[PDB]
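> What follows is a protein structure lacking sequence information:
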RNA sequence: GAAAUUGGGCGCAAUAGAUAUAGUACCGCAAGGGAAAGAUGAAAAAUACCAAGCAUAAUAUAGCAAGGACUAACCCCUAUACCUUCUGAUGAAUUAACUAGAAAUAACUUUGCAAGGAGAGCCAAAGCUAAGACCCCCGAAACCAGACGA
Ligand SMILES: [Mg+2]
Ligand SMILES: [Mg+2]
Ligand SMILES: [Mg+2]
Ligand SMILES: [Mg+2]
Ligand SMILES: [Mg+2]
Ligand SMILES: [Mg+2]
Ligand SMILES: [Mg+2]
Ligand SMILES: [Mg+2]
Ligand SMILES: [Mg+2]
Ligand SMILES: [Mg+2]
Ligand SMILES: [Mg+2]
């Protein structure tokens, strides 16, 4: 990525990352599964039910996605009728 | 004007005399110095007399008369270290010079 | 360090003069491969990681840490028995030697920081006496800092400066987080 | 010109050391160098050997007769040494012959005289008194202290220990410094 | 032998100079002069770094946009090449990423 | 304290005595010596010692993780979605108890900013405060709040205690003037008129069930009556008590500040208000 | 190394244990700055330990010179005329006491 | 492949000739082993290095006391080529708190609870 | 040069005081003197083990020579003095061999006497009285 | 904001929390700043406890 | 990668710093490249000791040149030069001087304040602010633009 831009001297986000992923404020990145709209005629319905799911990311995938975006994207977002808003704070962890 | 202090032997009666002259009951050693005029007159008389003044670093520490009494009977003795070493009864094989 | 700006700049290997073509070819000579006579190995070449430009070392501590540092300097000067409080800085005469004799008699120190409330209302006699002295310095109460409280052995306040410092430093305790800068108007601040 | 001061100071003192090794000065006596208190160091010479002296008498044991004469040569612009050294060398000769007659009864007395004239020779007594700080306390004319003078001061110190504390303690002194040679 | 033989002339330092005795004054002009000035308005220097701290690429970017139109011609050219180098260095070279 | 009493016996604090708090200053590690530099941290000569390891996310040639994955619009319209900072009723009872928000006055958004109870930032497109039902039980306050969104249970918790809720609307310009009003009256502009909601939100603010500021004052007792029946409290009438004249005051739409009017120019310096009397300006500002 | 250094045979000074034992240390010469941060532990050594030390062996004559030094030194002189000059630079009082007793104990 | 070696049980069954050779009794055996590492664990498998670390035998030629129980004997059967085992025999009793400090384990294998330094 | 190095004569001279006795340019030039001075210090520490070793074989040569003067061999002498609980070591036996050859002759007589009691004891096998010098002093 | 003797406060907090743990809680006084730092969340218990004490 | 909107020196000090004592000497047909270096003193109307290199002072059986030693320099014994690249050939006569790790997102450590922090903007389900602490040197063939050249 760009660590220091030529105009501002700031970090830049990779906009592929924003266009594909969802940062929950606890640090978990949500994605869609690859191939969830491809060749559905040859996929068993258990597999089609698996592909239509919102799948969390790895630890290193998560830290890789944190480094590829900036602090605007890491921010509390108090939307109106957000569907994912009950998934932001992390309930009841014992680390 | 030299910072040596040697506390007097009649200091109980002098200090008590000043406490009466700023005022007076028995148990006069437990009189609170919460009034600020009373403290200024008492310590101003003692500083005028004894030549030894309560410093700023200690001035809030005396809240009773007994604390001023406990202040004015520490010997603050002030001289150079050449005069402290050479007066500390050196053995005959210590020789101390001060190239100053 | 916040006011500090280093004017040290050197020339890199691109800014130093000349050195645009290879000095000798790549292979045929038995000398070392070089690409310019201005690379950082050459007598006359650029500096590889030297100082670059004016650099400013600016940082602000939070204003509560600066204000607490002024407090801590005041309690330390009072606890070491170096605070002295006057009622006004009005001298009976304007000579310097009176003031050095006074500071020598009361066993103050080598160097005295006199602090009055404003720069306009400093009395003429202390201005004429301390404007000549190297170690006895008049400062307004706005000018009070921590480097020059520690640089000076004694510090001399007047009672209006003491009420000033209590007002300006007990304000930082029990004040809200700012909505906007305090130079702007507020309900109760000036 | 590299800026700075500490390498120039260290280099300045190493140059001073090579100046002292290339051309060393002639050795000055110790009383003409700093850190000398003569009286304190006579008392230290007393307590060093583990005995007591009458300090004035030991002081005259270190004062030669050449020193008074060149001193009065310096006045024009003190008891001597010789009585104590006479008593000390008379005593140490007879007590060394006591020890060496007792522990070697079969020796000829020519051999006891050559042993005793070894243990009071200039080589032995001058080797002993340069390691007991006698030479540093000798008031002599010239430096280094010439060996006949220092022999005289050493037996003056024996005479002063004799008049101080009797014949038995000097017998232990002579035993512990002259016989162990 | 790159070491000097005579020790240098002495460094007379006047600690009670005008500048040293009055160093640090008006660092607290904000917090006890009713916040009318900021202390960053006390520092004097280049106009592009009065009250600003950055690394070198940011000092060069800010120098170019704040004073670069009236810079000299080959100084402006050297500075554009420095931003072009320091760009290609910070963004493509290093150990941590 | 024993500690200043220690400072009596110690030498004076100078610029030669100071030392950082141990733990503050890690030492700089720099590549000289047997351990910090021979290879100097980079390892053996490859591409990571030369300095030229490729960009973040390059997996060496296979298609990267962050590109094997379908683009889905999680963040599709993110910067035009509206945000509303929560204000719980536990928070607002907390502000009322500590004197920070006066409940004997109307509680507009300016009064929650000046008591610093709620920080909203109009850039990063917060459109205001939403009331939050947290702390509805143990909320004991008669209050008059103007909050841009409100859940039904938070309206019920206020209106049980003798309160009045209304939901106003603010433009980002208007909300920005509302939050920090004093840096607007140093801007020299006349007070603007706040705009009506967009088409998404007109059906919100014209409904009496969620207490819209554009709704009827003839349909409100039906909705207050309905929540009082739903959540089981007998609806007190605001008309009886003495704060009623306070609990009725609303600023109309197209009014940003409370006692002021659009088009006025507040002169903060000599404490005046310049008011326009030209008819074209009065047609424009009272529209 | 041993081939670069000179060597010697183990000896005494004047058969130092045979008849009696003689303390081989004549003079110590401390030089201590009055104002100076390197001779702090020397200062607290003269104030605390040098009188006790000077009483524990009276055949040693001790000179505390107390000039403006920038490095403080101790200069031990021995009965056979050797001089060991060691520094007490930036040392604690306990480290100076073990050094001075080290110089006392040796020859 | 070089693998871990099980050892069959007939290897660990004494014969009365061995009771005549060594000094053992099959009825009423000894309680405590003395184990001593006498052959390095280097150039040995990592499991034997571990068993030497568990038994407390990282120093060579230093005795260690163990129990004569089948678990400790199982670990000792893993590393029986690196160690030496003797029975801890005790001529007098086990040491009470009076004789706790004045013991000495002799080289015979016995642990004497009064260790004077005087000849008999 | 902001801060270039002033104090470099002394780093060189810390190495070169160890090389003042070498040959060739190793006593002079720092690049050569460092390799030889390091290499001399490595030898200087590995030679502690060889000092101990070579003293011990020197002592075995001296004990071997002096015990061959009395007919014994070295293994006979050392073995049968261990067997007498004479726990002298090699340093002491070599120094007695040089400086006190009567004590060494009597130790050779004690070791050959014990050697013959070992022969006659391990010849007439069975229960017999032990030799006189064959007895051991039990320590408990 | 602990002003005074922090070691009495460490004794009394450590006597208060050890029935809620079994063991003594592992703490750290910072006598310079005047803080006291306990391991594990005990915020509501110490706020209630310090309201009982009168602070 | 926008916009609305907002509002003298903790420099160098003669291999450094300018290439600069000079765009000179020199090199090139030309465009163009491009040096090096000075040190007395108040007065010249007062004429030390230290790099490598040698010399004073050539050499003596045997061997990475040393180490253990030793009465003794050598003789005795021990000892497969250093860097770098490989699992285990490269470069260096030698001295002096010059010559290569630059970024504070997140985490950590230390303070301040704390449901708030921050000297507007920003973050906040114990956070925020401040600081400390992490990211090298040299080296092609080339490509392009504009000149100078028969
Ligand atoms: Mg170029
Ligand atoms: Mg190139
Ligand atoms: Mg240059
Ligand atoms: Mg703009
Ligand atoms: Mg130059
Ligand atoms: Mg040049
Ligand atoms: Mg030379
Ligand atoms: Mg050989
Ligand atoms: Mg070659
Ligand atoms: Mg070099
Ligand atoms: Mg032609």
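The structure has been received and is ready for your questions. Numbering: from 1, shown residues only, chains lettered A, B, ... in the order given. Ligands and ions are numbered 1, 2, ... in the order given.
> Show me which residues of the stretch 1-150 of chain F sit near RNA strand K.
F:21, F:23-31, F:37-42, F:44-45, F:49-51, F:85, F:116-117, F:119, F:121, F:123-124 (CB under 7 Å from any atom of the strand). C-betas here are computed from N, CA, C, even on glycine.
> Just the buried residues from those residues, in PyMOL please.
To isolate the buried members of these in PyMOL, using 16 or more other CB atoms under 10 Å in any protein chain shown:
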select buried, chain F and resi 85+117
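> Now, the residues of the stretch 1-150 of chain F next to RNA strand K that are in strands?
Those of those mapping onto strands are residue F:85, per DSSP state E.
> near chain A too, which of the residues of the stretch 1-150 of chain F next to RNA strand K?
Filtering these for proximity to chain A by CB under 8 Å from any CB of the partner chain leaves F:85, F:124.
> I'd say residue C:73 and residue C:151 touch.
No. Contact criterion CB atoms under 8 Å: residue C:73 and residue C:151 do not qualify, at 11.1 Å.
> wouldn't residue C:155 be in contact with residue C:145 here?
No. Using CB under 8 Å, residue C:155 is not in contact with residue C:145; the gap is 11.3 Å.
> now check the helix or strand hosting residue D:13, is it near chain G?
Assigned by DSSP states H and E, residue D:13 belongs to helix D:6-22. No. Using CB under 8 Å from any CB, we find that helix D:6-22 stays clear of chain G, coming within 9.7 Å at best.
> and that helix with chain I, contact?
Yes. Between helix D:6-22 and chain I, judged by CB under 8 Å from any CB, the touching residues are D:6-8, D:10-11.
> what's the closest of the residues you listed to chain I?
Nearest to chain I among the residues of helix D:6-22 next to chain I is residue D:7, at 3.9 Å by CB to the nearest CB.
> partner residues bridging residue C:55?
residue C:6 (DSSP bridges).
> Give me the distance between it and residue D:42.
The gap separating residue C:55 from residue D:42 is 68 Å, by CB to CB, to the nearest Å.
> Spatially nearest residue to the residue of chain E found nearest chain A (excluding sequence neighbours)?
Ranked by CB to the nearest CB, the top residue of chain E for proximity to chain A is residue E:58, at 3.8 Å. Leaving aside its chain neighbours, residue E:58 sits nearest to residue A:9 (3.8 Å; criterion: CB to CB, 6 or more residues apart in numbering or on different chains).
> Would you confirm that the one you found contacts residue E:57?
Yes. Using CB under 8 Å, residue A:9 is in contact with residue E:57, at 6.0 Å.
> okay, the two: which has more neighbours?
Between residue A:9 and residue E:57, residue E:57 has the larger neighbour count (other CB atoms under 10 Å in any protein chain shown), namely 22 against 19.
> following the helix holding residue D:13, which helix or strand comes up?
Counting by DSSP H and E, what follows helix D:6-22 is helix D:38-48.
> Could you give the secondary structure assignment for the closest residue to residue H:36 other than its chain neighbours?
Nearest residue to residue H:36 in three dimensions, chain neighbours excluded: residue H:84, at 4.6 Å (CB to CB, 6+ apart). On the three-state scheme (DSSP: H, G, I helix; E, B strand; the rest coil), residue H:84 is labelled strand.
> Next: residue G:26.
Following three-state DSSP, the label given to residue G:26 is strand.
> Next, count neighbours for it.
For residue G:26, the count of nearby residues is 22 (other CB under 10 Å).
> residues in contact with the nearest residue to residue H:65 once chain neighbours are set aside?
Distance criterion CB to CB, 6+ apart; nearest residue to residue H:65, sequence neighbours excluded, is residue H:32 at 5.3 Å. Contact analysis of residue H:32 by CB atoms under 8 Å, 6 or more residues apart in numbering or on different chains lists H:65-68, H:87-88.
> Residue F:211 contacts residue F:227, correct?
No. Taking contacts as CB under 8 Å, residue F:211 lies outside contact range of residue F:227: 9.9 Å.
> which residues in the chain form helices?
Since you didn't name a chain, this refers to chain A. A:15-20, A:45-51, A:59-67 (DSSP state H).
> nope, chain I please
I:9-16, I:30-68, I:74-82, I:90-99, I:101-121.
> how about the ones you listed in a markdown table, adding mean neighbour count?
What follows is the helices of chain I, written out as a markdown table (neighbours: other CB atoms under 10 Å in any protein chain shown):
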| stretch | mean neighbour count |
| --- | --- |
| helix I:9-16 | 13 |
| helix I:30-68 | 14 |
| helix I:74-82 | 17 |
| helix I:90-99 | 16 |
| helix I:101-121 | 16 |
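> Minimum distance to chain E: which of those helices has it?
Per CB to the nearest CB, nearest to chain E of the helices of chain I: helix I:9-16, 4.9 Å.
> buried set for stretch C:116-130?
Within stretch C:116-130, the residues scored as buried using 16+ other CB under 10 Å are C:116-117, C:122, C:125-126, C:129-130.
> what's the most distant pair in those residues?
Taking CB to CB, the two most distant members of those are C:117 and C:129; they sit 18.1 Å apart.
> so what sits against both of residue F:211 and residue F:227?
residue F:155.
> Which strand or helix spans residue D:114?
Under the criterion of DSSP H and E, residue D:114 resides in helix D:109-119.
> other SSEs contacting that helix?
With contacts taken as 3 or more CB pairs under 8 Å, 6 or more residues apart in numbering or on different chains; DSSP states H and E, helix D:109-119 sits against helix D:82-102.
> for chain A, what spans make up the strands?
Using DSSP E, strands in chain A cover A:22-23, A:29-32, A:54-56.
> Can you report how many residues lie near residue F:74?
Per other CB under 10 Å, the neighbour tally for residue F:74 reads 19.
> swap in residue D:152?
26.
> show me what contacts it?
Contacts here follow CB under 8 Å, 6+ apart; on that basis residue D:152 touches D:64, D:81-82, D:85.
> so which of those residues comes closest to residue H:78?
Closest approach to residue H:78 among the contacts of residue D:152 (CB to CB): residue D:85, at 88.3 Å.
> these two touch, right, that closest one and residue D:159?
Yes. Contact criterion CB under 8 Å: residue D:85 and residue D:159 qualify, at 6.3 Å.
> joint contacts of those two?
Common contact partners of residue D:85 and residue D:159 (CB under 8 Å, 6+ apart): residue D:61.
> top helix in chain D by residue count?
Longest helix in chain D, counting by DSSP H: helix D:147-174.
> what's the burial count for the residue in chain E that chain I sits nearest to?
Closest contact between chain E and chain I, by CB to the nearest CB, is at residue E:3 (4.9 Å). By the criterion of other CB under 10 Å, residue E:3 has 16 neighbours.
> these two touch, right, it and residue D:10?
No. Shown here, residue E:3 and residue D:10 do not form a contact pair, counting by CB under 8 Å, at 9.1 Å.
> Could you measure from the residue nearest in space to the middle of chain J over to residue D:158?
Residue closest to the average C-alpha location in chain J (CA atoms, centre = their mean): residue J:13, at 3.6 Å. Using CB to CB, residue J:13 is found at 78 Å from residue D:158.
> cool, and residue H:32?
Look at residue H:32 and residue D:158: by CB to CB, they are 73 Å apart.
> And residue H:90, by the same measure?
With distances taken as CB to CB, residue H:90 is found 70 Å from residue D:158.
> which of those two has more neighbours?
Ranked by neighbour count (other CB under 10 Å), residue H:90 and residue D:158 place residue D:158 first, with 26 against 16.
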